[PDB]
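Down below is the structure, laid out as structure tokens.
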Number of protein chains: 4
Amino acid sequence: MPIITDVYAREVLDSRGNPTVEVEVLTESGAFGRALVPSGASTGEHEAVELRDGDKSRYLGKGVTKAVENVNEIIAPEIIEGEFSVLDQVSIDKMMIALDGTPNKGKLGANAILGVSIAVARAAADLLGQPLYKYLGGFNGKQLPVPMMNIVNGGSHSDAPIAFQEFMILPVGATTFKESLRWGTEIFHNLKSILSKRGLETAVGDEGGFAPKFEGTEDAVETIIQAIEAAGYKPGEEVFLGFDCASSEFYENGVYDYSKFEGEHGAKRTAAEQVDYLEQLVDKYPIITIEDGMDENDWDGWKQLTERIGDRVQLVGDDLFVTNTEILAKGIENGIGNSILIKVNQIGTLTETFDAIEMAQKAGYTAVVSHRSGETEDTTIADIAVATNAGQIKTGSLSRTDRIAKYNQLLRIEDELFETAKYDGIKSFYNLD
Amino acid sequence: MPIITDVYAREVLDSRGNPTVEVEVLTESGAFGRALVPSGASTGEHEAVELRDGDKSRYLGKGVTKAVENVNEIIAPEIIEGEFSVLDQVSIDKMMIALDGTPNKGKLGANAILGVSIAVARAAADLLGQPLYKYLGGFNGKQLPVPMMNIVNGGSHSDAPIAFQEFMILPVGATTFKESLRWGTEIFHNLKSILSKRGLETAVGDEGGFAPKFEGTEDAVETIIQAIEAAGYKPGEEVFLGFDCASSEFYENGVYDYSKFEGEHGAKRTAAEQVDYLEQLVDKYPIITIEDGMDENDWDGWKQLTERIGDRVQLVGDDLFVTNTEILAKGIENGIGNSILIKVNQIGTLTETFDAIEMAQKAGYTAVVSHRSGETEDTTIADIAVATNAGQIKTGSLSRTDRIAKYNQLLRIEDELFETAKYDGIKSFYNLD
Amino acid sequence: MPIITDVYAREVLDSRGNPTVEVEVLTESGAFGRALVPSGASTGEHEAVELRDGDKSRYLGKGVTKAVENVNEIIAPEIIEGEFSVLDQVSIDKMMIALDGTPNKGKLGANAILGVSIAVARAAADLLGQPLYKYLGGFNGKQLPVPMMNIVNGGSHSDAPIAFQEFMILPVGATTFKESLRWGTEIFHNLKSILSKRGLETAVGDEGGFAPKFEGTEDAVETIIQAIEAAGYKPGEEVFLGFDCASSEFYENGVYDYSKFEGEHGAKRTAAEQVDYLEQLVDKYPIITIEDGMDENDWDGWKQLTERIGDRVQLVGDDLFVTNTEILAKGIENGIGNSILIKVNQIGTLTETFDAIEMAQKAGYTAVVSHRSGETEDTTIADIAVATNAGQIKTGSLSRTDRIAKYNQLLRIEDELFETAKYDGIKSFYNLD
Amino acid sequence: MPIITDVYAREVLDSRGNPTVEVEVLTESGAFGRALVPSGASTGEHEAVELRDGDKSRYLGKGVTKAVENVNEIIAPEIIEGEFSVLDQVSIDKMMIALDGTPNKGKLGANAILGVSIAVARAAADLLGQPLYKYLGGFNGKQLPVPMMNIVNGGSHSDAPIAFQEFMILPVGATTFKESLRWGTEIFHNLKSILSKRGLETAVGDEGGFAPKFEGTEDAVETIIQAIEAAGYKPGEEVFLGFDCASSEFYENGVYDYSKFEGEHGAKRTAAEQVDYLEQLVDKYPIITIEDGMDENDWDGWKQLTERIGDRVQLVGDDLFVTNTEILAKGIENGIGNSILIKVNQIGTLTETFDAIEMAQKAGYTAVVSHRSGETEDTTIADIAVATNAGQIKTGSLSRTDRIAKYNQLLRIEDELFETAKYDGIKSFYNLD
Ligand SMILES: [Mg+2]
Ligand SMILES: [Mg+2]
Ligand SMILES: [Mg+2]
Ligand SMILES: [Mg+2]
């Protein structure tokens, strides 16, 4: 019996110890779904906005009681009085969008809306007795993603003289996701040993990776490569590197100003020099993906970067696109990037999330389903990656259950799929030559 | 409906990126339970042994394929062919204990056995439609625990000149668990700010807390107190401190050798001087609980410590008791400690876990249900704490979902209990007079 | 379907031929529970009070039509209109406590309230298909009690020159409850034969035991020991003795006045001499438990008694505590007694009963679940003893179904538990050295 | 649904502390019945034999492990392998009779057979959702019995100089059973007061009544009458007396020898003088019923007694008929008595019990459904009395739950019947003119 009979929100905590929204949905027959909403460390703009309370007497102003109230007192009665079927996902998502009535979900909160959106879908899958990836994506959802695994952090997430925010490993050469996960974990533990022996810090950041005091970018990259090799894997064949440059954080007045993070002698690069520099790095090192290599508003620079190395390196828009199909469409039309980081809570409904993934795919772009800095015990993004046969995921390093829970769910999905599972390895990069 | 029809194990990852056991149980009617096992020890004279593979080609020898196979090929057929009801928890636990046939669960593995033990109970609660805490503890399970929250680490978990392994905060004075959690989180964020302003490290360890380069024990303690106050709480009334001294890690040849961690000039204390020192600390600072203040084999020293401050300070045996009712019984008979840290995987079944909690309670000891360093997305320990009205829990700092998931489950339990919930605050320490 | 749809009370008779309350509860799905309420011969004060009609035209004023009406016309509609789930025991108990609104349950009657409280729990266990002890106590309720079996009566329950109200046997050395019951029964029949041969009376009193015209206390005790030995059992190893002194019934103006029951030459003992006397008896005879050895208000005397023999003899507060957690807490804080007699109807709800048991256990006291002088065909107290692993029960001699029904239910519980049952024998006395 | 899937026996205790048989029956759908068997006789030419173990190491040889084994190992597999419907009562009873194959049920035991017989019927009523009296007797079972209530005992059940075994009160003049029960209880308590004031014993015997040291038969009778009046009732209109003379216990060699119980001067009466004596008593006192007034083999004396007073006094055969339809038929044919005491366990199946009741009724005799000295918490005889509209029951005095449980069940039956219940009072004696 599919009619939704209860929609209930509560305030819980995320992986950084900040409040977030949890929603539970029940049907008449007792089918049940629970969703928890993630939260970003920094937000691109043109984005759906999370509602926070700003009551400095609670949680330093980061309470989400208003968003919770919006679910319990506004959204819930609309759903229950409307006698919506739990199966009518698009109808419910459209209803919430209209109920809020603003372009950025700023009245009810993207956190209120997404909690309900995901909890409904989870309840629907429970009702049908379907794996969530098959409910979401249909019968042919079967492709496990290549994980891009955080390993070293820089920029504003570190004190080392390194401008790029994040360095990742990608176990592209593995034959299964289960194997890929083991490779990454082995490399992580090997790097930890290397860091310890060098007297560098091995405590972890928000994503479960390291932020060691390397000498600079080349030291960081070569040390990761050292770990890959020590673990017994082949860089540039079995395991590749990725960056999240987060270049907007050091771009100002037409200059990519590396002195912001790399000390007084750090290079001040024009957009042309920035492209040259990224090209030099991908020629020197086995780098298969670069996120936000150019500034969020530097469309000319993005075009040049894409013309320069886009045939052989994935170029992921994060801050560039902010999971916004209007911006994505503009990107596609202008030959900008070849991949998009998909953040469910940046847009705020599952319907819109899937629309963005579909738009990307139909343009020959990859859609990389992503975590946020503040995660939860929710593992829905694992199922979204498989539902859409996305082929890639970005969900953290190899420690902290806020990351590992997603990897464990991918293990379960691959196990359940059995002989029907596929892991396409390097062929996951259908956006590249 | 209740006959178990499937028992299935798989290898997943824990919060440190090490393999562990997951088990799923199904009944004929489709009731379902999933358990994940936290990290343990593969050796240790008096505790239950986790089984690891030792295949250095996988996960550096830390695979759990053998334990998984033991579930799938040995335990599962015994259960299924035996037509055990999912409700017959004690029967199933006793059967597994006999099936392994060794005192330390070293044949099948405590990790195999506990995975099944917990998954069965979770499936039973699902079958009955009961909250797990009520299934486990009966109708009167209703007391939320005071959380002892990791905040600063020392000893072998840090590079600072501090011998004690862990410092904790306890929001004893809160009126509800939900408020207690907020207090702790606010204190955590305030400490983080204080550390940053001092130029100390704010990256986190395995339990989600900090390991800053303090000048020593007094600096650490006073800085935590500073954070408590900055967050707006009263030390020694609303919020107390706790230690895990892990004193076995610096005791040798009859000496508590603080020079092991606190540099060349660090004190070498006899057992008498160790007791004097702990007494001095509890007289100076608002310390309500001390774990492993004396060495695991220094029973004479434990007795002296208990006589000295046990009337007004909780004295928790962890390494002292290793969740072993034979050792606990010896402790009780000899007036040793007044609390025990209860680690489900250290004993290996829910039945034995509950027996240990009950033995402790009936002696006027508190039973503090505990996490391990390697945790998972499992939240069963939250329900165990409420089921037994234990009154205390030790499940980590205020970051990392491996910890926060337990706190979120306690929020859900308190919410569900509604007007029947109780949080006893300082009266939780029924072991103190 | 757990919502309570009917709550119905009727006036029935207890084992002494006095009216009492019966309540039946039904759920929407047809789950059913029936409870009957016991009644004491004499009442301690500070107690929940039973409501009687005082209509001397019916049952000599002992009718319970008002209490029955209070269930049918006040409590029942509150429950039914409230749509309470039969599983929400604590909520329903708290609701009734508030509905009555007085400290002693004197408006609605403790008999009205307890009838509903127990019938609800019985219906809940029926709904879930659980044994009542597992519903009440959770999965680990498995310990059968050592029974303290009435055998000889004195004081105001006899015409013999004996001040103590009750003498009991305890089959502590048996390996199972089933064996323990047989031992007691054999001893009972042997005593009956001994009494008959001596020309003493073998008719029974309210609890199913004897009140023979012995020469005094030593005659009674030695004759019981004679019966134990004649039955082939070892006094002070296999079978121990117990007293219920009911000392309040002969204490006045600071004197334990044995002349009240033992004739003109009976000793008038100070509190100090009373302690000396009880100590002498426990040194001479295999006495393991003494109930109400000191007067209900003689706290100094209780303290002295507890210091004197409390390490090796159980000291049970009955009139001392009147199943009142405020009085119990005061006792615990002052080192008074080491056991409490738990009378469900003296407090009036299952929630409060369990709270009292838990408070006792967590203080290292035993909780002895008890009958009343006026019993019924209800056997709930058997399930309460096992639910809480209490380890002891006091439910009568070895005749009269008002007593034997409880023993039969313990047989069924032990049978059902099969290999999971435990009977701890002497180790049941965890309150003693 | 109705096929019997489990038949299980266990050894429990009766109201005298002697072992007896309990049986539980389950159907495929979970319908459930439990029966307990009352005390019987292990020898006796014309009745069904209870089987006892004779192992003097257990319960003084009174164990029923063999009868229990006969159920579990012989009867149960026949039923289960036979796929008998729980509704097929007569088939099952006939099968057991044939399975035992002896006239007195001495191979399997009448206690084994009756336990199964009753448990089956109780399970059938549960399956159908019918009150047991309607299942047993059809839609028109509605007549509550006049209770003949034990109050004073003599003969071998007392030490007083009184030959008759039992004196009873019968609240014939009440308008409902519920009122009749109150009358009896009030009389019982009034007698107790009278006895206490006279310094006579008020402890109770097996049936819950008194055995005081009266001066003789007239003292006993007149004192009971005093109690009736003191309670406010009219002897010989509202409340009548009954005897159980148990005359076989003092008849030998053609003489009713009252000197056996009434001292050296007690009358030695011929059968003619015995009839004269009983006639004198019924002329002097309001006696409506006499059980076993003549010896079990004195058929000529029974005939004379019946001719003398049978038109106006009920004459109940107990030892005369031993619930044996062959003996009853002989009695009917010869004009012997006008009532039979029906003891379910004396014949051993419900089918045979109902056949005996029917034979009696069709002869214009009353069938008085009876307890035994050793009773249990079973209340089936209450339902049998109503099922057959018997109009009378003999189930004990007004104390002990072994008796009171039956009266409570009659209260429930009358309550359930509501406006359809009937209590025929004096018209219940349809055998008298
Ligand atoms: Mg980014
Ligand atoms: Mg520790
Ligand atoms: Mg008492
Ligand atoms: Mg008779």
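If you're wondering about the labels, chains in the structure tokens are A, B, ... by order shown, residues count from 1 in each chain, ligands from 1 in order shown.
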For this session: With only C-alpha atoms and all ligand atoms counted, collect every polymer residue having an atom within 12 Å of ligand 3; state the result as a PyMOL selection string.
Result: chain C and resi 40-44+150+153+155-157+164-168+207+242-249+290-296+316-323+340-343+368-373+394-396
Problem set entry | Residue neighbourhood range 114-122 of chain D, 7 Å, only C-alpha atoms, exclusion window fewer than 6 positions, as JSON, numbers by chain | {"D": [21, 22, 23, 24, 25, 33, 34, 35, 36, 37, 86, 89, 93, 132, 345, 348, 349, 350]}
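Residue neighbourhood of residue 430 in chain C, excluding near-sequence residues (fewer than 5 positions): residues 362 and 363 of chain B; 364, 365 and 366 of chain C, at 8 Å, using only C-alpha atoms.
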Exercise. What residues in chain C have any atom no more than 7 Å from chain B when counting only C-alpha atoms, and can you write them as JSON, numbers by chain?
Worked result: {"C": [89, 90, 91, 128, 134, 135, 136, 137, 138, 139, 140, 351, 361, 362, 363, 364, 420]}
Residues as selected, N, CA and C atoms, written as a short mmCIF file (atom, residue, chain, number, x, y, z; two decimals), in the first residue's frame, can you do that?
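Generated output (part35.cif):
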```
data_model
loop_
_atom_site.label_atom_id
_atom_site.label_comp_id
_atom_site.auth_asym_id
_atom_site.auth_seq_id
_atom_site.Cartn_x
_atom_site.Cartn_y
_atom_site.Cartn_z
N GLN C 89 4.29 0.07 27.65
CA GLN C 89 4.06 -0.19 29.05
C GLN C 89 4.38 0.99 29.96
N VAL C 90 5.55 1.61 29.76
CA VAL C 90 5.94 2.68 30.66
C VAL C 90 5.01 3.88 30.47
N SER C 91 4.65 4.17 29.22
CA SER C 91 3.73 5.28 28.94
C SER C 91 2.37 5.07 29.62
N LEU C 128 3.17 -10.42 20.73
CA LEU C 128 4.49 -10.71 20.16
C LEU C 128 4.80 -12.20 20.06
N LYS C 134 10.61 -13.00 28.80
CA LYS C 134 11.45 -12.40 27.76
C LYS C 134 10.90 -11.05 27.29
N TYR C 135 9.58 -10.94 27.21
CA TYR C 135 8.99 -9.64 26.94
C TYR C 135 9.38 -8.63 28.04
N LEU C 136 9.26 -9.05 29.30
CA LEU C 136 9.52 -8.16 30.42
C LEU C 136 10.98 -7.82 30.59
N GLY C 137 11.84 -8.83 30.45
CA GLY C 137 13.26 -8.71 30.80
C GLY C 137 14.25 -8.74 29.66
N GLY C 138 13.78 -8.95 28.45
CA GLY C 138 14.68 -9.07 27.31
C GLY C 138 15.19 -10.48 27.10
N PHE C 139 16.08 -10.63 26.12
CA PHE C 139 16.46 -11.96 25.65
C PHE C 139 17.20 -12.80 26.69
N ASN C 140 17.83 -12.15 27.67
CA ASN C 140 18.74 -12.82 28.59
C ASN C 140 18.09 -13.14 29.93
N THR C 351 6.05 -0.94 35.84
CA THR C 351 7.19 -0.04 35.67
C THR C 351 7.87 0.23 37.01
N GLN C 361 19.25 -4.16 42.66
CA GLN C 361 20.32 -4.93 42.04
C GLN C 361 21.60 -4.08 41.90
N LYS C 362 21.44 -2.86 41.43
CA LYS C 362 22.56 -1.94 41.21
C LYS C 362 23.22 -1.49 42.51
N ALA C 363 22.58 -1.73 43.64
CA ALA C 363 23.18 -1.54 44.95
C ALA C 363 23.82 -2.80 45.52
N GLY C 364 23.80 -3.91 44.78
CA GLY C 364 24.29 -5.18 45.31
C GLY C 364 23.34 -5.84 46.29
N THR C 420 19.28 -23.38 28.08
CA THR C 420 19.64 -22.00 28.41
C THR C 420 19.28 -21.61 29.84
#
```
Exercise. Can you tell me, as number ranges by chain, what residues are no more than 8 Å from residue 409 in chain D when counting only C-alpha atoms, ignoring any on the same chain fewer than 4 positions away?
Worked result: D: 379, 382-383, 405, 413
For this session: From a DSSP pass on the backbone, collect the residues of range 129-175 of chain A flagged as strand (DSSP E or B) and hand them back as a PyMOL selection string.
Result: chain A and resi 143-144+146-147+149-153+166-170
Problem set entry | Between CA of residue 386 in chain B and CA of residue 7 in chain A - distance in Å to one decimal |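 It comes out at 25.9 Å.
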What's the 10 Å shell around residue 239 in chain C, counting only C-alpha atoms, without same-chain residues fewer than 5 positions away, as a short mmCIF file (atom, residue, chain, number, x, y, z; two decimals) with C-alpha atoms, in the first residue's frame?
```cif
data_model
loop_
_atom_site.label_atom_id
_atom_site.label_comp_id
_atom_site.auth_asym_id
_atom_site.auth_seq_id
_atom_site.Cartn_x
_atom_site.Cartn_y
_atom_site.Cartn_z
CA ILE C 169 13.40 -23.76 53.90
CA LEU C 170 15.62 -22.89 50.94
CA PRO C 171 16.83 -25.70 48.61
CA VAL C 172 19.95 -23.74 47.64
CA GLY C 173 22.04 -26.80 46.77
CA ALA C 174 19.87 -28.16 43.99
CA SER C 180 14.73 -27.72 44.17
CA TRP C 183 13.40 -31.34 47.56
CA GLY C 184 11.11 -28.86 49.21
CA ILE C 187 10.76 -32.10 53.17
CA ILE C 225 15.98 -29.61 60.56
CA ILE C 228 15.24 -31.96 56.20
CA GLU C 229 17.41 -34.85 57.46
CA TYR C 233 19.04 -33.71 52.66
CA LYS C 234 21.96 -31.93 54.29
CA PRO C 286 21.97 -22.97 59.17
CA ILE C 287 20.10 -19.70 58.65
CA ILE C 288 20.86 -17.90 55.38
CA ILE C 426 24.15 -20.57 46.64
#
```
Problem set entry | Selected residue, from B:71, B:152, B:49, B:282, that lies nearest to residue 308 in chain B when counting only C-alpha atoms | B:282
For this session: Quick one: everything within 8 Å of residue 250 in chain A, counting only C-alpha atoms, minus sequence neighbours fewer than 5 positions away in the same chain. Send it as a PyMOL selection string.
Result: chain A and resi 163+256-258+260-261
Show which residues sit within 10 Å of residue 412 in chain A, as an mmCIF file with C-alpha atoms, in the first residue's frame. Count only C-alpha atoms, and ignore same-chain residues fewer than 3 positions away.
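Okay, around.cif is ready:
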```
data_model
loop_
_atom_site.group_PDB
_atom_site.id
_atom_site.type_symbol
_atom_site.label_atom_id
_atom_site.label_comp_id
_atom_site.auth_asym_id
_atom_site.auth_seq_id
_atom_site.Cartn_x
_atom_site.Cartn_y
_atom_site.Cartn_z
ATOM 1 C CA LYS A 178 36.132 -4.909 -4.631
ATOM 2 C CA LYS A 406 29.863 4.345 0.899
ATOM 3 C CA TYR A 407 32.623 1.956 -0.129
ATOM 4 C CA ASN A 408 31.010 -0.812 1.941
ATOM 5 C CA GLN A 409 27.693 -0.163 0.213
ATOM 6 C CA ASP A 415 28.179 -8.683 -4.364
ATOM 7 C CA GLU A 416 24.418 -8.579 -4.970
ATOM 8 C CA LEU A 417 24.869 -8.000 -8.715
ATOM 9 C CA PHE A 418 27.114 -11.099 -8.797
ATOM 10 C CA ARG B 10 31.068 -10.764 3.726
ATOM 11 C CA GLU B 11 34.345 -8.869 4.110
ATOM 12 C CA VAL B 12 33.881 -5.087 4.430
#
```
